[PDB]
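One structure below.
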Amino acid sequence: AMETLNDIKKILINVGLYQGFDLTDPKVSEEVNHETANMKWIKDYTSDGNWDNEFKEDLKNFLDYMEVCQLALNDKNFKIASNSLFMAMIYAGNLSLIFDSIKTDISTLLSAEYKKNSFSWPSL
Amino acid sequence: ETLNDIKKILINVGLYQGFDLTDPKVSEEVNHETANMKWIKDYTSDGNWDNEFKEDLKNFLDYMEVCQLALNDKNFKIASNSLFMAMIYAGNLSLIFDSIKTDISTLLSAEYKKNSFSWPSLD
């Protein structure tokens, strides 16, 4: 049963292999698309990557800042409340990005634009 | 229940600006300049932000799992469709946080305050 983001990563690597490439290889997954000046693959597919750790770290930062905001409110310190809300906002954005990034890579696999063989998805 | 905890604090911030987001007359009001609701998230008592997250995540994971099972069976129609639906749910997950981010932004601007509340300038 699929329970973690790292579980999802493994399946995406497998999809890539059907297309003739191995995302766990840094020279594949960390390669720039020279035409667009952007990374071909957004997420880290190398053995050192850990998608669940990225999520938990962003979430903890988000919560921590929200908790500092409430504490500031209780003390009537609206400077710290303001700053803390601002930083929570920043980490909410990071959390959005976690999933947007995965979405983008999935979209890249679905288009098979970087395939190295004759793999083609069936028409639906 | 950590998102629901966050929601409580956001409501508390609103209260200092003189409005109560738990009141649907407040949190569901439309901004007629933008034609959109002033507040994206559901702040009413029946809402459950953690449940929304859990539900989207489960659907995301469920579709990815079907994708892998389809691949093992060399069923690339089902693999394709599952990966597509997983993509849809990854977008929903991104949107959950985007929406919260936006409402936070609305509190930080104090744009909808009902009193003389002002955030201390940090320069």
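So you can find residues: chains in the structure tokens are A, B, ... in the order shown, residues in each start at 1, and ligands are numbered from 1 in order.
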How close does chain B get to chain A? List, as JSON lines, each residue of chain B within 6 Å, its nearest atom pair and the distance in Å to one decimal, counting only C-alpha atoms.
{"residue": "B:61", "atom": "CA", "partner": "A:2", "partner_atom": "CA", "distance": 5.8}
{"residue": "B:65", "atom": "CA", "partner": "A:2", "partner_atom": "CA", "distance": 5.9}
{"residue": "B:77", "atom": "CA", "partner": "A:122", "partner_atom": "CA", "distance": 5.8}
{"residue": "B:87", "atom": "CA", "partner": "A:103", "partner_atom": "CA", "distance": 5.1}
{"residue": "B:90", "atom": "CA", "partner": "A:99", "partner_atom": "CA", "distance": 5.4}
{"residue": "B:94", "atom": "CA", "partner": "A:96", "partner_atom": "CA", "distance": 4.1}
{"residue": "B:97", "atom": "CA", "partner": "A:96", "partner_atom": "CA", "distance": 5.0}
{"residue": "B:98", "atom": "CA", "partner": "A:96", "partner_atom": "CA", "distance": 5.6}
{"residue": "B:101", "atom": "CA", "partner": "A:89", "partner_atom": "CA", "distance": 5.1}
{"residue": "B:120", "atom": "CA", "partner": "A:79", "partner_atom": "CA", "distance": 5.6}
Pull the alpha helix (DSSP H) assignments for chain B out of DSSP run on the backbone, and list those residues as a PyMOL selection string. chain B and resi 2-16+24-27+49-72+76-109
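Proximity ranking of B:84, B:119, B:112, B:89 relative to residue 39 in chain B places B:112 first, based on only C-alpha atoms.
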Would you mind listing what lies within 7 Å of range 66-71 of chain B as a ChimeraX atom specification, with only C-alpha atoms counted and same-chain residues fewer than 6 positions away left out? /A:11 /B:78-79,82-83
Store the residues picked out above, limited to N, CA and C atoms, as a PDB file, in the first residue's frame.
ATOM      1  N   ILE A  11       7.606   5.039  -7.927  1.00  0.00           N
ATOM      2  CA  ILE A  11       6.760   4.683  -9.064  1.00  0.00           C
ATOM      3  C   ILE A  11       7.086   5.595 -10.240  1.00  0.00           C
TER       4      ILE A  11
ATOM      5  N   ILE B  78      -4.362   2.032 -18.310  1.00  0.00           N
ATOM      6  CA  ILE B  78      -4.727   2.280 -16.922  1.00  0.00           C
ATOM      7  C   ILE B  78      -3.609   3.052 -16.218  1.00  0.00           C
ATOM      8  N   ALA B  79      -2.370   2.758 -16.580  1.00  0.00           N
ATOM      9  CA  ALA B  79      -1.240   3.487 -15.995  1.00  0.00           C
ATOM     10  C   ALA B  79      -1.314   4.966 -16.362  1.00  0.00           C
ATOM     11  N   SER B  82      -4.294   6.662 -14.515  1.00  0.00           N
ATOM     12  CA  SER B  82      -4.032   6.793 -13.079  1.00  0.00           C
ATOM     13  C   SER B  82      -3.042   7.923 -12.785  1.00  0.00           C
ATOM     14  N   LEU B  83      -2.043   8.041 -13.646  1.00  0.00           N
ATOM     15  CA  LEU B  83      -1.003   9.050 -13.485  1.00  0.00           C
ATOM     16  C   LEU B  83      -1.626  10.428 -13.720  1.00  0.00           C
TER      17      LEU B  83
END
Shortest interatomic distance to residue 110 in chain B - which of B:95, B:17, B:81, B:23, counting only C-alpha atoms: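 Distance minimum relative to residue 110 in chain B lands on B:17.
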How far is it from CA of residue 84 in chain A to CA of residue 24 in chain B, in Å with one decimal?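 According to the coordinates, CA of residue 84 in chain A and CA of residue 24 in chain B are separated by 26.6 Å.
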Using Å and a single decimal, report how far CA of residue 56 in chain B sits from CA of residue 24 in chain A.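 Interatomic distance, CA of residue 24 in chain A to CA of residue 56 in chain B: 27.2 Å.
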As a ChimeraX atom specification, list the residues of range 28-113 of chain B assigned to strand (DSSP E) by DSSP on the backbone atoms of this structure. /B:30-31,36-37
Taking 6 positions as the minimum chain separation for residues in the same chain, which residues sit within 12 Å of residue 30 in chain A when counting only C-alpha atoms? Answer as a PyMOL selection string. chain A and resi 22-24+38-46+49
Can you measure CA of residue 53 in chain B to CA of residue 10 in chain B for me? One decimal in Å is fine.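 Taking CA of residue 53 in chain B as the start and CA of residue 10 in chain B as the end point, the length is 17.6 Å.
For residue 8 in chain B, the non-local neighbours within 12 Å, defined as residues at least 2 positions apart in the same chain or in other chains and counting only C-alpha atoms, are residues 66, 67, 69 and 70 of chain A; 1, 2, 3, 4, 5, 6, 10, 11, 12, 13, 14, 15, 20, 21, 22, 42, 43, 44, 45, 47, 48 and 49 of chain B.
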Could you write out that same residue set with C-alpha atoms as a PDB file, in the first residue's frame?
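Saved the output as part17.pdb:
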ATOM      1  CA  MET A  66       1.769  30.211  13.171  1.00  0.00           C
ATOM      2  CA  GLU A  67       2.317  29.243  16.827  1.00  0.00           C
ATOM      3  CA  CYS A  69       1.943  34.416  15.799  1.00  0.00           C
ATOM      4  CA  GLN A  70      -0.648  33.286  18.362  1.00  0.00           C
TER       5      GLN A  70
ATOM      6  CA  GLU B   1      -5.355  18.363  13.362  1.00  0.00           C
ATOM      7  CA  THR B   2      -2.536  20.800  12.714  1.00  0.00           C
ATOM      8  CA  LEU B   3      -4.265  22.631   9.836  1.00  0.00           C
ATOM      9  CA  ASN B   4      -7.368  23.098  11.961  1.00  0.00           C
ATOM     10  CA  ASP B   5      -5.120  24.543  14.686  1.00  0.00           C
ATOM     11  CA  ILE B   6      -3.737  26.984  12.129  1.00  0.00           C
ATOM     12  CA  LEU B  10      -6.088  32.908  11.547  1.00  0.00           C
ATOM     13  CA  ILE B  11      -9.568  33.468  12.978  1.00  0.00           C
ATOM     14  CA  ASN B  12      -7.950  35.069  16.041  1.00  0.00           C
ATOM     15  CA  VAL B  13      -5.985  37.422  13.806  1.00  0.00           C
ATOM     16  CA  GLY B  14      -9.204  38.445  12.060  1.00  0.00           C
ATOM     17  CA  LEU B  15     -10.876  39.156  15.417  1.00  0.00           C
ATOM     18  CA  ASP B  20     -15.273  36.994  12.966  1.00  0.00           C
ATOM     19  CA  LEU B  21     -14.483  34.588  10.119  1.00  0.00           C
ATOM     20  CA  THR B  22     -16.542  31.796  11.701  1.00  0.00           C
ATOM     21  CA  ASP B  42     -14.050  27.678   4.729  1.00  0.00           C
ATOM     22  CA  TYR B  43     -13.871  29.197   8.256  1.00  0.00           C
ATOM     23  CA  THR B  44     -17.264  27.968   9.463  1.00  0.00           C
ATOM     24  CA  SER B  45     -17.569  25.422  12.271  1.00  0.00           C
ATOM     25  CA  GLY B  47     -15.347  22.877   7.915  1.00  0.00           C
ATOM     26  CA  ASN B  48     -12.348  20.603   8.450  1.00  0.00           C
ATOM     27  CA  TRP B  49      -9.090  21.569   6.782  1.00  0.00           C
TER      28      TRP B  49
END
Long-range neighbours of range 111-115 of chain A as a ChimeraX atom specification, 7 Å cut-off, only C-alpha atoms, 5 positions minimum in chain: /A:19-21
